[PDB]
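Each remark here refers to the structure printed beneath this line.
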Amino acid sequence: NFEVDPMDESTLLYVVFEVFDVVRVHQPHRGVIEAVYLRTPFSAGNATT
Amino acid sequence: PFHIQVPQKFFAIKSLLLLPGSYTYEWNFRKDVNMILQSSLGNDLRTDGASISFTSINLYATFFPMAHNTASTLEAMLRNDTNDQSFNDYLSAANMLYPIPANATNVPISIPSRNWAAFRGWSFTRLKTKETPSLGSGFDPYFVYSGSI
Amino acid sequence: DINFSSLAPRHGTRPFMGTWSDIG
Amino acid sequence: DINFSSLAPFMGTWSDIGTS
Amino acid sequence: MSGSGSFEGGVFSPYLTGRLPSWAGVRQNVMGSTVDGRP
Amino acid sequence: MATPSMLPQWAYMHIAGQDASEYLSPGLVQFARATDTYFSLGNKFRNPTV
């Protein structure tokens, strides 16, 4: 909960949540690039991925 | 009337350490007012009444006051031929100024065969000429320049 | 690189009990 | 706070025995 | 005429290549001696 | 030109020799460390780089 000075210039919401965001890539063979970092995890069920 | 202190800029004796003994040191000075003064319009100062005269030039050498026993230890080391000092010119260079005629576009260069062992880059820029003489005598009274060189 | 280089692979070795590292 | 850290590991500018 | 194809040439009027000579004698045909300077 | 002959004279003029702390006597190298704070000798000696 935040409180701020009234301003009537139109506004909506901004917040930055700091977290790790480590991306790391392997290359195993000539002309193959592979990225290993699952970002936005979860994935279970059987409907829409 | 002026009083000025002028340093030694020669890259072999401007950072040299000089041991005991008696030496004969001489250096000559230039009284041409187109080489020792600068102008803001670059107007000749030998078509104007600029002149200079020197009365008395001293040398001031500033000695570190060594302890005598330490001094002689220092001297002995630097009288060995394995502890010879060694200097290099900061712009280690060889300077060749090839003429560019008026309204010329192309400037060939002829360099007779040399060894190129231990060579480093070319470095180059374009000057501007027609006025004042070159180093070696620093005079020629038909002067025509005095600004930034 | 128009440049110089000097005696530098050896350093001021002095202790916090003397500003001079001795000489034999 | 902020993050993102990275780290890196005689005369003559090289000599090595770095191989697999 | 001179050329329009036959080799890798180029045109300018007085051919010069030299370097830097030293000392005085650099001016001749310029207004006379003045020594310590006068207009 | 010819076969090499500039290499020993680059170890003499320090154009490609060894380090300054390594061609000087160990007495003078000890002295230069001991006095570093008030009477620097460092700039009197070339160090090579190649």
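Numbering starts fresh at 1 for the residues of each chain in the structure tokens, the chains themselves are lettered A, B, ... in the order given, and ligands are numbered from 1 as they appear.
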Q: Could you list the residues in chain E lying within 7 Å of chain B, using only C-alpha atoms, and format the result as JSON, numbers by chain?
A: {"E": [12, 16, 17, 18, 19, 20, 22, 23, 24, 25, 26, 27, 30, 31, 32, 33, 34, 35, 36, 37, 38, 39]}
Q: May I have the residues within 10 Å of range 16-23 of chain C as an MDAnalysis selection string, using only C-alpha atoms and disregarding those fewer than 4 positions away in the same chain?
A: (chainID B and resid 70 73) or (chainID C and resid 12) or (chainID F and resid 27:38)
Q.
Can you tell me which residues surround residue 10 in chain F at a distance of at most 12 Å, considering only C-alpha atoms, apart from same-chain residues fewer than 4 positions away, and format the answer as a VMD selection string?
A. (chain B and resid 117 to 118) or (chain F and resid 4 to 6 14 to 18 46 to 50)
(Q) Near chain D, meaning an atom within 12 Å, which residues of chain C appear when counting only C-alpha atoms? Write them as number ranges by chain. (A) C: 5, 7-10
9 Å contact set for range 33-36 of chain A, only C-alpha atoms, chain neighbours under 5 positions out, as a tab-separated table (two decimals) with N, CA, C and O atoms, in the first residue's frame:
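So the final result, stored in out28.tsv, reads:
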```tsv
chain	number	residue	atom	x	y	z
A	23	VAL	N	20.85	-16.04	-17.59
A	23	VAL	CA	20.68	-16.78	-18.81
A	23	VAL	C	22.03	-17.31	-19.18
A	23	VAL	O	23.00	-16.56	-19.20
A	24	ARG	N	22.15	-18.59	-19.58
A	24	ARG	CA	23.43	-19.15	-19.91
A	24	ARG	C	23.22	-20.09	-21.03
A	24	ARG	O	22.19	-20.75	-21.10
A	25	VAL	N	24.16	-20.09	-22.00
A	25	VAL	CA	24.02	-20.79	-23.25
A	25	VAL	C	25.20	-21.69	-23.43
A	25	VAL	O	26.33	-21.35	-23.10
A	26	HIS	N	24.95	-22.88	-24.02
A	26	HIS	CA	25.93	-23.88	-24.29
A	26	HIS	C	26.00	-23.95	-25.78
A	26	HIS	O	25.04	-23.58	-26.46
A	27	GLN	N	27.13	-24.44	-26.34
A	27	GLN	CA	27.22	-24.73	-27.75
A	27	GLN	C	27.85	-26.08	-27.81
A	27	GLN	O	28.95	-26.20	-27.29
A	28	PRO	N	27.28	-27.13	-28.38
A	28	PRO	CA	27.90	-28.44	-28.25
A	28	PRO	C	28.55	-28.86	-29.53
A	28	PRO	O	29.31	-29.82	-29.48
```
Q | Every residue of chain A that DSSP places in strand (DSSP E or B), as a VMD selection string | A | chain A and resid 24 to 26 34 to 36
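From CA of residue 22 in chain F back to CA of residue 77 in chain B, the distance works out to 14.8 Å.
Using only C-alpha atoms, the chain B residues found within 10 Å of chain C amount to residues 70, 73, 86, 87, 88, 89, 90, 91, 92, 93, 120, 121 and 123 of chain B.
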